[PDB]
Amino acid sequence: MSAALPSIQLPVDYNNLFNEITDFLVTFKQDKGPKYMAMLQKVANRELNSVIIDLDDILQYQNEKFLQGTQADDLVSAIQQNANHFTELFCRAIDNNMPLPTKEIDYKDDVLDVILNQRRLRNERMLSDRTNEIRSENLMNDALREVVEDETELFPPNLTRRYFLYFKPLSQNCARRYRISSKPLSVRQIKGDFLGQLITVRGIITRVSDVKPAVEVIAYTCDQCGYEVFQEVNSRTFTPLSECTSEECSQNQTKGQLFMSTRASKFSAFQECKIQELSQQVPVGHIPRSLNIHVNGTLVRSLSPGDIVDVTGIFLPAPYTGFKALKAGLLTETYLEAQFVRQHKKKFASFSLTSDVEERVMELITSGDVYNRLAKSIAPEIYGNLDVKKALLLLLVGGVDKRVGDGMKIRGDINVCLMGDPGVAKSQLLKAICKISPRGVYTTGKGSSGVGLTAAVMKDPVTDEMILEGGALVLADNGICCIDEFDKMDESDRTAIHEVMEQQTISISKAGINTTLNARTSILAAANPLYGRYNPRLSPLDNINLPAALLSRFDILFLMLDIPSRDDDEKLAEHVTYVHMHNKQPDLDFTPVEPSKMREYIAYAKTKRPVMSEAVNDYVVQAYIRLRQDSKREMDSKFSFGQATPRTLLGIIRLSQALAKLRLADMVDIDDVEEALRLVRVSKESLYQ
Amino acid sequence: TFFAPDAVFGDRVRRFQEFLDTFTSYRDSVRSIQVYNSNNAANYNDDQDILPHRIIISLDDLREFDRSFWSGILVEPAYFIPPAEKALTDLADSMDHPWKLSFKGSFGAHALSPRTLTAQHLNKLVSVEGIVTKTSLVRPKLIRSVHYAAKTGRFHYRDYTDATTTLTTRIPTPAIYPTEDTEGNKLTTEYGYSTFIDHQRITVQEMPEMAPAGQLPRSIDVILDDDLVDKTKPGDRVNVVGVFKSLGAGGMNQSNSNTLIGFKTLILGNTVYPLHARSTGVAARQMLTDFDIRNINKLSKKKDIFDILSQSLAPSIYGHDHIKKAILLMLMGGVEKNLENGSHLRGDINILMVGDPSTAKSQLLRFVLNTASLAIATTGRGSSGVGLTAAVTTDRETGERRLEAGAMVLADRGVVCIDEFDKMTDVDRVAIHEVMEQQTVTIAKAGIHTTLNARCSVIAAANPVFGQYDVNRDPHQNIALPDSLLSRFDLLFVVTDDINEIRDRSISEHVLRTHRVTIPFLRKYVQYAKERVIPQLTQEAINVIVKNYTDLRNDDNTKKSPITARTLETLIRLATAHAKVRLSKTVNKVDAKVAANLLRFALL
Amino acid sequence: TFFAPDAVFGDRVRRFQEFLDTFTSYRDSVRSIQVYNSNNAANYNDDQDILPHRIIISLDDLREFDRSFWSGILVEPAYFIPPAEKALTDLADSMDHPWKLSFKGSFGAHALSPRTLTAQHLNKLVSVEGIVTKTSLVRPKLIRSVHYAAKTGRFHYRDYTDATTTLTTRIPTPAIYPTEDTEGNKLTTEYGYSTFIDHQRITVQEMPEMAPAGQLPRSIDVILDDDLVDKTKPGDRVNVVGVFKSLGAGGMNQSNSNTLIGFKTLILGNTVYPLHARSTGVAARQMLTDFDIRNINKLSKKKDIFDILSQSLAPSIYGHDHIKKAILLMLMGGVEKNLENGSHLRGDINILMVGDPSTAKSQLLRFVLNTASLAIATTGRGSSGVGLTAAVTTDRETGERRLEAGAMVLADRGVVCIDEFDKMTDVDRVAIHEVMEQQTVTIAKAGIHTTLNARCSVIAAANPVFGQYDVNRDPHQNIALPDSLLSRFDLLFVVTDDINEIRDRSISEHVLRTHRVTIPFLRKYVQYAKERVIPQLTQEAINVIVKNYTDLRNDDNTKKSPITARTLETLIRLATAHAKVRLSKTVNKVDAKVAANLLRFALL
DNA sequence: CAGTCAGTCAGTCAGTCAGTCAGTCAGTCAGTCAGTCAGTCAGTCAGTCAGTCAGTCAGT
Ligand SMILES: Nc1ncnc2c1ncn2[C@@H]1O[C@H](COP(=O)(O)OP(=O)(O)O)[C@@H](O)[C@H]1O
Ligand SMILES: Nc1ncnc2c1ncn2[C@@H]1O[C@H](COP(=O)(O)OP(=O)(O)O)[C@@H](O)[C@H]1O
Ligand SMILES: Nc1ncnc2c1ncn2[C@@H]1O[C@H](COP(=O)(O)OP(=O)(O)O)[C@@H](O)[C@H]1O
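Residue numbers (the UniProt record's numbering), protein chains in the order written: chain A, 1 to 31, 59 to 166, 177 to 216, 220 to 729; chain B, 13 to 61, 91 to 137, 151 to 570, 651 to 738; chain C, 13 to 61, 91 to 137, 151 to 570, 651 to 738.
Here it is in structure tokens:
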């Protein structure tokens with residue numbers, strides 16, 4: 001119609017793009060036979076649910092067709108400009124061809140399979156009945182097919198699907214090889233002129249909610265006519281309906297009445313979260329913003345709170361404005377749909393493959409002297425203190441927990457303090473190791489309140505209700521919780537830490553909580569001595585503001601002295617000035633291991649569980665008789681530290697079991713336990729000079 | 013023809029055409045914008061295989106061009122702005151779109167604060183300044199739809215308008231978001247081709263430095279537009295020039311009315327300028343003509359300029375050269391080196407004065423508060439929320455917690471001038487321990503655990519413990535804030551009150567003649663010294679600070695206390711800053727000599 | 013932008029642009045119209061110190106150009122006519151306004167009479183023919199107003215539209231005839247600058263020669279436009295090509311409706327052609343190519359063409375040459391000389407036949423009824439209203455009396471073929487006395503005293519009084535309609551029924567071979663002989679008719695009766711007509727010889 | 001005579017619940033508005049009579 005709602009032409013065609021997308025779907029040989064008959068046959072064999080259609084095979088197909096002749100119609104930019112029509116267009120391009128019968132149905136499979144099977148079979152018999160009727164009423178056969186295909190109501194192919202479909206953006210590598221769709225943007229950068237494209241962000245996830253079902257189509261029954269009246273729901277709120285809308289309970293006097301059912305609808309998981317700004321890509325005087333994300337389908341349960349993530353998705357509107365008196369029409373309030381999630385700091389132990397990984401791991405293993413090299417590698421940009429780095433590698437490894445069938449549980453973990461002041465560069469190690477380990481939270485002294493690092497209760501928006509929002513310690517479990525300035529903590533926080541020293545437990549009896557939440561954390565602390573520093577006139581624990589019970593809960597305690605000495609100063613000055621002169625320290629003859637390959641090594645190392653033996657029983661027992669024997673013949677408040685509790689015995693077996701894993705051997709030997717006794721006797725007792 | 017417009021509109025368009033072709037700088041500005049976007053488009057269309094559209098017009102010229110057009114704009118602007126915009130789009134289309155204007159002034163005795171705004175100034179052109187609070191969120195607005203049809207394969211089209219459009223009125227016609235054209239076919243919509251244009255509204259309170267004694271404040275609200283989104287963070291000081299429109303039907307429509315007085319008011323557009331304050335907001339917009347950089351190059355190559363600029367910050371203060379040298383070395387600030395895959399290393403300098411009363415220790419910090427840029431002064435208290443944000447947000451639209459920056463976040467790249475440093479309690483001194491080396495502020499209160507950034511520089515001036523006893527008993531706790539706080543600070547200037555007779559003379563005629651090189655050149659020296667260029671350290675300066683540092687340990691560990699590696703790092707920082715002063719590129723032995731002497735006088 | 017029209021409208025405009033530039037006669041026609049109005053404007057702007094705008098497009102070419110555009114127009118014309126008009130105004134503006155079209159056809163099996171019109175042919179393009187009655191009055195319609203203001207001195211402006219505009223629909227907006235603008239000032243209107251465009255509606259009945267046996271007629275009605283006012287007097291036969299629009303809301307608006315079936319119908323536009331009939335309306339549109347006038351010039355200079363064209367009107371009638379010579383002299387008709395400040399003198403010739411039955415006297419008059427132009431036949435009666443109008447008008451809009459022409463007013467410049475002239479009563483013979491010399495008809499019935507004009511030519515054929523006794527007793531009343539009626543007639547051919555044997559033979563083989651120079655050339659000879667050129671009489675011909683006339687008085691007053699001066703005047707008329715036949719300019723003695731011989735055979 | 005420990009007020013923080021303001025609603029009732037009708041008024045059309053003319057008969 002002209003003159004009201006007029007027309008426009010544009011260069012974009014939807015005619016040959018469908019044909020080209022069919023040709024791409026069939027003939028692609030690069031990755059036995061073709062690529063998508065294998066994966067799509069795997070889908071129809073009912074062992075898979077998602078389909079990843081990348082944006083690299085399309086571009087390589089365009090350079091191949093561009094060099095063969097003829098000219099190929101530009102399709103990649105056509106996806107990148109619109110990116111919403113192509114899921115439905117692409118998916119009805121898939122459904123013409125599918126290798127159906129490749130395996131008979133199992134009996135015990137599922138319920139969604141058997142529902143879609145009965146819909147398909149009933150659809151066939153309905154389609155064959157009418158051509159068994161009209162064909163016997165005469166009076177090439179394409180015409181009779183066109184007769185039957187338009188006098189029969191069917192289940193539409195939007196409902197018999199079983200899978201989902203997800204894109205995947207293109208690298209800088211493939212765009213560099215042949216010469220945009222994924223430039224990593226920030227949340228300030230998203231102008232309001234990207235609505236519809238396919239973009240990429242990065243930030244820290246905060247406040248990820250629960251997973252609860254949301255409806256897509258609703259299936260009623262009519263009870264008299266016998267139909268099944270569907271209804272699609274697009275909006276936030278819907279409304280139920282009344283008497284009927286069929287073609288038999290309509291045009292009659294006596295309409296029926298319909299009521300719903302839940303084993304014939306179609307559900308989908310649903311979960312929303314928020315991205316905060318990364319706080320490194322901000323201007324000078326500003327505050328981090330936020331931007332919502334919906335998540336549908338298979339991609340759910342991959343957004344853990346407190347991470348660094350690279351979400352790529354398309355960017356739609358969703359209608360709302362705020363107060364009614366502020367509206368000007370037709371303000372829209374955007375969100376970000378999710379398509380494919382790629383994390384930095386990949387989390388152990390969510391990996392299985394080993395074959396390609398050994399090409400990098402076996403280089404470190406065949407490099408020779410793996411252990412002291414890795415001990416050199418953690419935070420190389422300081423000088424000195426090889427023993428502290430040596431112990432903190434054993435913090436990052438950890439292990440091994442043990443259930444004894446009661447079931448009372450033992451740890452399983454190491455707890456390390458640091459002492460001395462001020463210029464021994466202790467904060468650099470805390471930022472360092474709370475940057476190497478995934479799931480690592482760095483909290484200062486004050487700082488967090490008592491309710492900041494325990495959980496709290498708050499009302500939840502749209503999904504309901506009353507979830508316990510976690511604190512710092514509940515966030516970082518099975519990780520490392522660095523702590524600055526341990527002396528300035530409020531005393532309630534001290535009892536919280538002492539409750540973490542017994543395993544698993546924080547207990548709350550406040551105004552709305554009776555729970556016992558879990559925490560499997562590891563604690564590294566850094567306490568300062570009494571003012572000013574290190575008087576050998578003053579006794580131990582005189583210059584320490586902490587009770588010796590808390591000294592007993594730490595199996596490993598350190599102290600970093602500060603004594604002026606002539607010889608080390610030139611090495612230290614050449615070290616530091618050698619890096620302000622440049623940006624890399626080590627030379628002659630060493631290279632630092634990159635941290636990603638190191639996390640691959642340590643992440644590989646935690647799947648061993650070594651087993652002790654009988655000679656190490658004798659050696660551990662006799663060494664404990666030594667330490668117990670000489671530790672209690674002093675009994676004074678002197679530089680000696682009494683009284684070598686059996687937590688040192690459990691801690692030294694636990695350090696032996698930790699050192700045995702880096703040999704990757706299940707071969708607990710005497711160099712193991714001898715190394716552990718070396719770190720015990722050298723660990724403390726450094727205050728002699 | 014839209015409405016086949018009158019010959020009046022032709023008269024305004026022709027006259028403003030004649031003015032715009034009279035003075036010919038504006039044609040060159042349009043040429044600059046057009047060429048810049050052209051060559052940017054050539055880079056984005058040639059290698060891989091932005092600027093807005095508004096011209097700043099000053100109201101100087103129209104007073105000497107036409108009195109009619111001058112006093113025409115400042116009385117009834119809904120009759121005179123759309124013709125001039127039409128003629129400017131005519132010129133810009135003819136030389137090679152909206153093409154709005156600015157009207158930078160010089161305004162006509164409409165310089166009024168929003169205390170005295172209403173209401174006989176209504177529907178004129180008004181300039182308003184004040185504080186910005188409580189800026190809302192940015193939302194996109196829809197203008198043009200595009201629909202794909204099925205199955206005939208034709209796109210479609212629709213427009214939308216509002217009341218916050220161009221400044222006239224129009225008989226309104228709403229229009230349903232379309233679906234199911236004639237004849238009956240499903241219209242599946244699209245995105246990516248349908249346009250969108252941003253929208254944001256902020257409110258303005260009058261100035262507290264201009265306000266009356268104590269009364270409630272009264273405030274108005276401003277709507278912004280496409281190319282004016284996100285200029286002003288809340289807390290700035292903002293000049294707004296716009297049109298004081300009054301839209302809405304004020305309860306005269308339906309009888310037995312509530313909302314007793316209608317006719318809500320606002321301001322449209324147009325040209326939000328942020329301006330300099332005494333304590334918040336950057337002043338780095340200061341102009342640098344070629345005459346000025348030619349003069350900087352003229353004075354740049356002498357051999358006494360550190361001793362000239364030493365005695366420049368004291369026009370009326372006797373003595374204390376080494377303090378002045380330390381303050382210039384603070385204002386240059388060193389260089390910031392961030393490592394690869396590690397943590398950065400700190401760049402600036404932190405200074406504590408301590409000494410007897412009546413020693414011009416408080417007079418100096420106001421002078422550093424004036425000459426620098428982004429100075430923020432905190433005296434005494436303090437708690438709560440200097441180093442933090444306190445998170446007190448009660449956002450009305452939805453349950454959400456925002457942050458409201460204190461004094462430490464807001465003074466980024468700046469100078470914090472704290473007075474009476476002993477009166478601070480230790481609970482805030484925890485936050486000063488967090489700022490002065492870690493350079494980050496972690497807040498995990500209720501809440502949202504964050505890690506923002508703040509990298510300020512600190513000057514303090516504390517009193518002695520009891521009396522003026524700065525030399526009498528011992529240096530061991532005449533100050534008594536032990537001990538890490540003594541180590542974080544780089545320099546410890548210890549100022550005494552010696553009595554003499556020649557000193558009484560030299561003080562006397564100075565103070566007497568005061569009652570009866652220039653700084654607005656000096657800050658233009660400073661910012662050009664700051665942005666260009668960073669130096670690198672060279673081989674000639676390592677051995678001086680190595681020998682000097684082993685000297686200071688082996689002997690100053692026999693004299694005084696304490697010495698850490700932080701002294702070595704501050705030696706490197708003062709070397710780099712004194713290299714920045716002479717506008718060089720490399721590092722000479724001269725720098726290590728000067729910084730060595732400053733640390734000798736500072737410690738001994 | 014009106015509504016920023018679609019690319020569909022662009023497709024139609026581009027395609028019809030390609031057709032109009034394909035065949036290149038139409039460009040030359042537009043050039044002819046434009047040059048003619050240009051040079052007329054030069055005469056009206058240079059010495060002292091019209092043509093409409095439509096191009097006739099034939100539907101021959103579009104069938105061999107595009108089937109889509111062809112069968113597009115004849116099905117839905119409200120989507121295809123305004124684009125082609127838009128492209129034609131584009132071409133006419135680009136080479137140097152509405153510029154409408156015609157669509158002359160050749161129509162597609164839409165050749166339908168208004169008996170079979172309704173209703174599944176609705177809103178298509180339909181061609182209708184029939185009689186025109188009852189044509190209304192011409193009224194001017196308003197389009198654009200212009201108002202002068204007081205006292206500010208600015209003109210103003212306003213538009214108006216209707217439902218009989220261009221063929222689409224439009225959401226209607228009425229608009230008050232303005233007065234008292236904002237701000238309040240008197241708006242005195244004006245004329246002379248405000249445009250006006252004419253308007254007229256006629257109704258069409260089906261043809262009586264095509265109608266069924268006896269039934270009531272059924273009729274529709276046609277709206278006309280600007281350049282189509284006053285083409286067709288009531289009584290014509292008219293082809294109409296237009297669009298069968300159906301406007302109005304048919305009682306579905308308000309409930310409990312009267313006017314049981316709404317949706318009144320009409321026809322818009324477009325191209326009223328009057329066409330030839332058997333008895334009313336001119337046929338002088340016959341084409342004259344240069345080949346034809348070259349052939350007329352080729353045959354024009356012979357010496358036997360009066361004896362060739364004598365024997366041309368008788369393809370199948372034996373004998374009677376002198377009757378045929380008299381009939382050609384009637385069809386040429388002489389010349390009309392109006393004096394200065396007096397009364398005009400009559401030009402044509404009047405002929406009466408009289409004789410025995412079965413003498414082809416009735417067969418001849420049908421042949422004169424076919425070959426001539428504007429022939430009207432009246433046999434017997436007659437009264438009332440052959441020579442008058444009878445004034446029977448009952449005009450519905452107001453009390454007024456119009457006239458409705460009879461047979462004598464309507465046959466101006468023509469031939470009236472009366473049969474059975476004796477059967478007329480004398481009361482109508484009073485009206486024949488009024489017509490045949492006074493040349494005017496005065497009607498003063500109730501009424502309005504008028505004097506219209508009618509200057510016909512008369513042929514009659516009366517029977518003898520009793521028997522075939524044409525020669526037996528005496529010529530003194532074998533006819534008996536005395537006596538002025540015998541004198542008004544010029545010639546009195548007296549036809550007998552002699553019996554012979556050779557005459558029986560010459561009749562016999564003629565009638566026998568008839569059962570087993652060409653006229654459509656001959657009328658093209660006639661009209662070019664008529665418009666060019668009038669002759670003048672010369673000195674060479676006076677003395678022949680003077681001597682001949684004194685001869686006819688002094689001897690034919692001794693033989694027969696009567697002779698008046700009217701015989702002399704008819705001698706001059708036949709001399710002038712025979713001078714017109716040979717395409718000459720002057721008058722020779724040959725003409726007086728031939729007319730002399732014709733009057734000898736006519737009387738003696 | 002100076003350090004220190006414990007008691008003690010004070011400021012600040014989290015929990016508590018009663019007003020408060022924005023958004024929705026159904027019933028009814030009233031205010032206007034349109035459809036009803038009835039009376040007016042001019043135009044118009046069929047019946048009816050009178051005059052006038054052509055036909056026909058009778059008288060000279
Ligand atoms: N061995 C070393 N190598 C490099 N830098 C050092 C070394 N020892 C001390 N430093 C410097 O001393 C500083 C110690 O400060 P930091 O570790 O941030 O907190 P703290 O003062 O509490 O240890 C570091 O900034 C570092 O530059
Ligand atoms: N060297 C000096 N030269 C000039 N004026 C001085 C000098 N020293 C102190 N003053 C005077 O001391 C006053 C400032 O006192 P100040 O020492 O800044 O305060 P406070 O010690 O309380 O912080 C100024 O008015 C200034 O005139
Ligand atoms: N000279 C003739 N030649 C041919 N046909 C003739 C001639 N005279 C008479 N007719 C015949 O006479 C018939 C017409 O008779 P006509 O005298 O015209 O009628 P009326 O005497 O009633 O006026 C025609 O059919 C024609 O065939």
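For every residue, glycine included, the Cβ atom is placed at its ideal position computed from N, Cα and C.
- Extent of the continuous alpha helix (DSSP H) run through residue 611 (chain A): 608–621
- Task: Consult DSSP for residue 471 (chain C) and reduce its assignment to one of helix, strand or coil.
- Result: strand
- Selected residue, minimal CA-CA separation from residue 347 (chain C), among C:663, C:302 and C:205: C:663
- Look up residue 120 (chain B) in the DSSP assignment and say whether it is helix, strand or coil. coil
- Message: Quick test of the definition: if touching needs 3 or more C-beta pairs under 8 Å, does the segment 314–329 of chain C touch the segment 222–240 of chain C?
- Response: no
- Query: From the beta carbon of residue 16 (chain C), is the nearest beta carbon of chain A less than 8 Å away?
  - Reply: yes
- Message: Less than 7 Å between C-beta atoms, sequence neighbours within five positions excluded: which residues of the same chain meet that for residue 216 (chain C)?
- Response: none
- Message: Any beta carbon from chain C within less than 8 Å of residue 9 (chain A)'s own beta carbon?
- Response: yes
- Mind listing the chain A neighbours of residue 120 (chain C)? Cutoff is C-beta to C-beta under 9 Å, in chain order. 2
- Message: To the nearest angstrom, how far is the alpha carbon of residue 436 (chain B) from that of residue 463 (chain B)?
- Response: 14 Å
- Is it the case that the Cβ atoms of residue 511 (chain B) and residue 469 (chain B) are separated by a distance below 8 Å? yes
- Task: With a threshold of 16 other CB atoms inside 10 Å of the CB of residue 2 (chain B), please say whether the residue is buried or exposed.
- Result: Not covered by the structure: residue 2 (chain B). The range shown for chain B is 13 to 738.
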